[PDB]
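Colleague: One structure coming up, written as structure tokens, with questions to follow.
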2 protein chains.
Amino acid sequence: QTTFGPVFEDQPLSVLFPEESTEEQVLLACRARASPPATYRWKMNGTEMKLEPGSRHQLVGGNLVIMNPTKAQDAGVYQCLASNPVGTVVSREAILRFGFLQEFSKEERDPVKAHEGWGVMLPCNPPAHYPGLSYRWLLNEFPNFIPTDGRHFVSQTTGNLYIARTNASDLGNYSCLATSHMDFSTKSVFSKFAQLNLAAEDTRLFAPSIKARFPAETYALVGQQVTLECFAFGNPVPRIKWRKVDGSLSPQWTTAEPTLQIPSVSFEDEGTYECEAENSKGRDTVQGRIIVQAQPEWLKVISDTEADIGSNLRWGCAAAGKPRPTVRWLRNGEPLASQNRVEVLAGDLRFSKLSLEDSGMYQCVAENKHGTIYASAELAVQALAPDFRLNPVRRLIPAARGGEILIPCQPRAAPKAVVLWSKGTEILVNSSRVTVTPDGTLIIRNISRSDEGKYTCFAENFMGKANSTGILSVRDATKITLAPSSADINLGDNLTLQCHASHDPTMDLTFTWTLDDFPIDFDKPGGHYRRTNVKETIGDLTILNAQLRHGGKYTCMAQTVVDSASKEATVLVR
Amino acid sequence: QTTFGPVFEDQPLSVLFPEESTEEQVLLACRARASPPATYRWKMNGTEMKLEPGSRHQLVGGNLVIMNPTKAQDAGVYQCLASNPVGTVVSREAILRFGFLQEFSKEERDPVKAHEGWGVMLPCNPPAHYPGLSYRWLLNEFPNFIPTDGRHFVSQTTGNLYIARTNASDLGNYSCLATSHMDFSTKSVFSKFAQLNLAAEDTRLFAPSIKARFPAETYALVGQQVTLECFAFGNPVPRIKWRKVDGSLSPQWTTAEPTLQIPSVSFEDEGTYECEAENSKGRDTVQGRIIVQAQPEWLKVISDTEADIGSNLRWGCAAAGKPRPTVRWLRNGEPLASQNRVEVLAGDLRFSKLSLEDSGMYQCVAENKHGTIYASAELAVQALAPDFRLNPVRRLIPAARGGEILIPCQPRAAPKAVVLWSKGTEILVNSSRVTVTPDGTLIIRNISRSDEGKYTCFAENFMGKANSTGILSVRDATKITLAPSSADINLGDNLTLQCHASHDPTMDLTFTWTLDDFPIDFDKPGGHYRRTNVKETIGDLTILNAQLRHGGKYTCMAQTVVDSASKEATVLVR
Ligand SMILES: *[C@@H]1O[C@H](CO)[C@@H](O[C@@H]2O[C@H](CO)[C@@H](O[C@@H]3O[C@H](CO)[C@@H](O)[C@H](O[C@H]4O[C@H](CO)[C@@H](O)[C@H](O)[C@@H]4O)[C@@H]3O)[C@H](O)[C@H]2NC(C)=O)[C@H](O)[C@H]1NC(C)=O
Ligand SMILES: *[C@@H]1O[C@H](CO)[C@@H](O[C@@H]2O[C@H](CO)[C@@H](O[C@@H]3O[C@H](CO)[C@@H](O)[C@H](O[C@H]4O[C@H](CO)[C@@H](O)[C@H](O)[C@@H]4O)[C@@H]3O)[C@H](O)[C@H]2NC(C)=O)[C@H](O)[C@H]1NC(C)=O
Ligand SMILES: *[C@@H]1O[C@H](CO)[C@@H](O[C@@H]2O[C@H](CO)[C@@H](O)[C@H](O)[C@H]2NC(C)=O)[C@H](O)[C@H]1NC(C)=O
Ligand SMILES: *[C@@H]1O[C@H](CO)[C@@H](O[C@@H]2O[C@H](CO)[C@@H](O)[C@H](O)[C@H]2NC(C)=O)[C@H](O)[C@H]1NC(C)=O
Ligand SMILES: *[C@@H]1O[C@H](CO)[C@@H](O)[C@H](O)[C@H]1NC(C)=O
Ligand SMILES: *[C@@H]1O[C@H](CO)[C@@H](O)[C@H](O)[C@H]1NC(C)=O
Ligand SMILES: *[C@@H]1O[C@H](CO)[C@@H](O)[C@H](O)[C@H]1NC(C)=O
Ligand SMILES: *[C@@H]1O[C@H](CO)[C@@H](O)[C@H](O)[C@H]1NC(C)=O
């Protein structure tokens, strides 16, 4: 019933298109549920695209289809806007990134001079790539495989060889290679040879000197695997120990391998770590830190709301992320700034004197360095004509003579309706005796046998007019013309109390007695209370075989179907 | 929208059709508002009429028209029934009565012998009539007029002459006449002559003897004029005094005329009256009573009601009349008796386990000897499929670690819906840790990092099925790792209190201090409270220039957007 903001059900997702692939198209999906159905626009780097006919970019039911994707003119960030007569909404981002691995530079590698017994550096300066590759080293023949012993180390972050000790077998020509691991294809690129030569021998057992070290500060989101690498020059082969300064490591990680690995990281891993190289000739240690961060997550969002013209509203948001997020507001896909009767403050939204214009689709955005999140809601403002169906004025208003009466008149209206009372055809301007409160309730005091008749309440606003009618009748009031008396007796004695009343001739009158505000039962078998002198106006009560519990404050009450009256006395029982 | 019982707006009215008139038709009106429009039937003495084509009785839009009305076959009591697919209603009665005045009997009146100086009786036995007539007497000539002095009296309830004293001028022949006073026509009927003759006489004065007296018991509704007549035989002309035994008469009625009149009667006139004839030779007095009564009137009626299948209902009625009325119930124009799940008792109606069949038009009838009154209402029973629009399950359910959570699931259904919970795709059979109450609320104790996910509630009844979904997430809980200490100081001293807390790394934590559960202000200019050691986990407070009012129980509370914790201490100031 045209009460459908363009709610989202499928927002686009980031893609990594491999280069030199065998595909021809990519799809970015956008799906909205709306009534009437919504229309879609696509933003690329912010500027609204001009989706011409089927030249490259095309629209298929809200999904974006690019043709012949290439990094030259298709890599970017894409957004989808779903618009309706009610309002518009904006979806989350979708990044399209390409993947490739170029060819190694063709110039010859310089020959590194070495002296037998020391350590040497063999870098292999990997070419441009995306994403990170896996590195290996080759010697002499293709394909051989350099052994992965404790004498050599090949880091996976720079790839340089770490030849701890140099001897005769190290003569040859070293080449690097890189392997790209992707979902679709795998590529391997080899490097030109670098012939290493060794000078005269010089061997002495020396203290380790740490060369490959993990950086002091290492940021890592919660859920990622972290690998800290460590290596030192030492003869004989040193041993590497990993420890935590402000804690202890899990037994699954208490290993002496030169690369400490954490498969999953939570907030308990944040702290300081120490890598120590140890041998019979020395020891060298290096410290560093690990910091854990997280993306924002919602804690409290907004929801759909229908209000009425003239009222006020309050809306809120709340997020949670390790670098604290910031919250901002959107109206129909546009930034919302504090103006007029809309007040925004750091994630709370206030509407004062809500109007008809304030209806639409609102959005809440929480952002930090690691990501952004969205939430949507709809505000609808309603105007209503006066209606008395739910709360009509009482049809029958029996009022005792010489008393006060109050008749409220509150129709269901939006905004509030002006209320005017009348009796018959005359219009009531209030006086000392008749009063008309601003709320519309009409109160009459000092009632008599001349106020009976038909009363009408008229409610009007700029939307409509309604009206209701009641009938007022007057009767005589109840009276108590005799009150009982206090007494003191012994347990097991009999006492009598009297109570007389007068009432209107046309109604029924009943007598009820309470003991300390507790109604006294007379139909109880073996009961100690008996009605006596039972007439239309006489309702005496006799206590037979009095007990301790019968002491207290007795209260006689004469009640009709309309009103009541009461009198009090007390009895003590020993 | 087919929610219209045949409400009444014009019910028939009693008529008095004068005989020997010049009219040819009568109309009895019946009007009902209904949607769809209602159909009408007419009852005459109770049997449903067979309204044939236009032979005498005819129907015009719900109104009844009889043709050539005559007392022979048209005088009765008429009722109108308005029927709809929703239900039927029955209107109040309407009595049709004729009015006429026949011709006086043609036989000669007997000659009444009289003895001069006495009193004589001259009745005139009025013929059949409706309604009561006005009586007058004629003597000798037509038209003469006998004087209305104190010597003669002509009562209006029997019409007989009361000649107090008889003398020579009383010789003649007396005739009666009756005049019928109606709205349309006036008719006068004269009677044959009765020749009165007089014998010898005497000469003396005697005591009065009352002859025409008012009856001892006289019933009179509220609003009617009551006339009590009195006369006695007395020479000379006696005087009549009217008094009240248990009260005093109004000055407008304290008159000595031989007919006491009350234009309007209220309940204060009920009692005993005395008429006294007085003269120089004697006095005779006669007593009687006046009893005042009233017709039933409503005090509390029923109204339209929509309920749901499976519930219970209570309805009531109340009337007021001097002869106490009796209340009975009608369903669709038929008497309602206590059967099955409907219980009737002396004006209260109880529905137990309301079904779909109990929908329709109900009516309440209050009756006594002086009249009857009706009231109408409609009962509608609704069945509803489950719906979660008004009360959906919470979308975000942040739960602290190691605590308890409760999630209710109450859809809008009629009757109640069976509720089954599930996590993901598994079905939860409830145990020590997880409990599913009969109301549907699911409670989990001892929450860990294994309970997060998506929870679903399925509600089903014989009308339909619906479901709702929520998301559960777990976070660390707040703590207070340091509590303050009690102290005693003098007015004007400075005191420091400490309070430390721990919380989840991704949320904000704030400290608030209260004095005897009243929040302590820190931004108050010239305030005595200053925040100190303000860190993320340290929120100390210092009292500067302490006053008497600063003594009491301090409470430090560390709170987040989700949960909170608190600790207490006390300070005394002299
Ligand atoms: C106090 O009462 C009413 C509102 O509660 C207010 O308006 C009048 O009465 C009804 C409101 O229900 C208006 O509509 C009428 O409804 C009745 C039955 O529900 C019908 O009989 C009426 O028939 C009219 O049909 C034509 C088109 O509507 C009219 O042109 C024609 O004249 C008939 O009246 C009608 O549907 C109704 O129109 C108004 N006005 C009148 C004059 O009745 C009412 O005026 C309030 N009283 C006062 C003194 O202000
Ligand atoms: C828990 O969720 C729902 C109840 O809330 C329950 O019913 C299923 O989902 C929707 C409920 O809104 C049913 O109606 C669907 O609505 C969505 C969008 O609102 C549409 O995409 C669906 O399209 C259907 O259209 C045809 C005619 O309706 C179908 O024949 C066709 O197969 C499409 O599904 C449809 O209008 C929906 O029918 C049901 N059922 C299913 C299978 O979705 C849902 O089953 C509950 N889940 C569980 C596990 O019990
Ligand atoms: C009715 O009479 C009162 C005086 O008793 C007028 O004054 C109002 O009284 C209400 C009672 O609570 C208060 O709100 C104010 O003292 C008055 N209200 C306003 C709006 O002035 C009142 O104005 C009279 N109503 C009319 C004339 O419609
Ligand atoms: C859930 O476990 C409880 C036991 O703790 C089962 O017993 C019900 O517990 C409620 C709790 O107030 C009580 O009404 C009764 O003791 C039991 N109710 C009924 C209808 O038997 C309960 O049945 C379990 N829920 C299930 C099985 O759905
Ligand atoms: C779009 O954005 C990307 C990344 O910010 C940028 O590389 C590119 O040059 C932009 N413009 C295009 C694709 O036309
Ligand atoms: C109520 O009205 C009557 C007049 O009808 C008057 O005599 C009486 O004093 C009024 N009540 C009060 C409390 O003034
Ligand atoms: C109808 O009722 C009246 C009054 O009770 C009665 O006089 C008459 O005979 C009845 N039958 C008719 C009018 O056919
Ligand atoms: C709460 O659960 C944990 C494990 O999740 C358990 O070790 C602990 O004892 C439980 N609490 C209580 C009070 O048993």
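Following Swiss-Prot, chain A residues are numbered 32-605, in order.
Method of determination (from the header): electron microscopy, 3.3 Å.
Using N, Cα and C of the backbone, Cβ positions are placed for all residues, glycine too.
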Colleague: A:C111 forms a disulfide with which residue in Swiss-Prot, given the options A:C61, A:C207?
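Modeller: When Swiss-Prot is consulted, A:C111 turns out to be bridged to A:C61.
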Colleague: By CA-CA distance, flag whichever of A:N198, A:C261, A:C306, A:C348 among the recorded positions is nearest to A:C61 (disulfide bond).
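Modeller: Comparing Cα positions, the closest of these recorded positions turns out to be A:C348.
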Colleague: Could you tell me which of the recorded positions A:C61, A:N76, A:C348, A:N477, A:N498, A:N525 have their C-beta within a distance under 6 angstroms of some atom of ligand 6?
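Modeller: From A:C61, A:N76, A:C348, A:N477, A:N498, A:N525, counting a Cβ under 6 Å from ligand 6 as near, the near ones are A:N477.
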Colleague: Check the Cα-Cα distances from A:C395 (disulfide bond) to the recorded positions A:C155, A:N461, A:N477, A:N498 and tell me which is shortest.
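Modeller: Of all the candidates listed, A:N498 is nearest in space.
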Colleague: In Å, rounded, how far does the Cα of A:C111 (disulfide bond) sit from the Cα of A:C348 (disulfide bond)?
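Modeller: Distance (Cα to Cα, whole Å): 23 Å.
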Colleague: Please report the DSSP secondary structure of A:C207 (disulfide bond), reduced to three states.
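Modeller: Looking at the DSSP assignment, A:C207 (disulfide bond) belongs to a strand.
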Colleague: Taking only the recorded positions A:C155, A:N198, A:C306, A:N461, A:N525, which one has a CA atom nearest to the CA atom of A:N477 (N-linked glycosylation site)?
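Modeller: So, of the listed recorded positions, the one sitting closest to A:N477 (N-linked glycosylation site) is A:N461.
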Colleague: Provide, as an integer number of angstrom, the distance between the C-alpha atoms of A:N76 (N-linked glycosylation site) and A:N525 (N-linked glycosylation site).
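Modeller: On Cα coordinates alone, these residues lie 100 Å apart.
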Colleague: Given the recorded positions A:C261, A:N461, A:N498, state which is nearest to A:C207 (disulfide bond) when distance is taken between Cα atoms.
Modeller: A:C261
Colleague: Say we define neighbours as other CB atoms within 10 Å of the CB. Which of the disulfide-bonded residues A:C111, A:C348 has the fewest?
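Modeller: It is A:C348 that, of the disulfide-bonded residues A:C111, A:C348, has the fewest other Cβ atoms within 10 Å.
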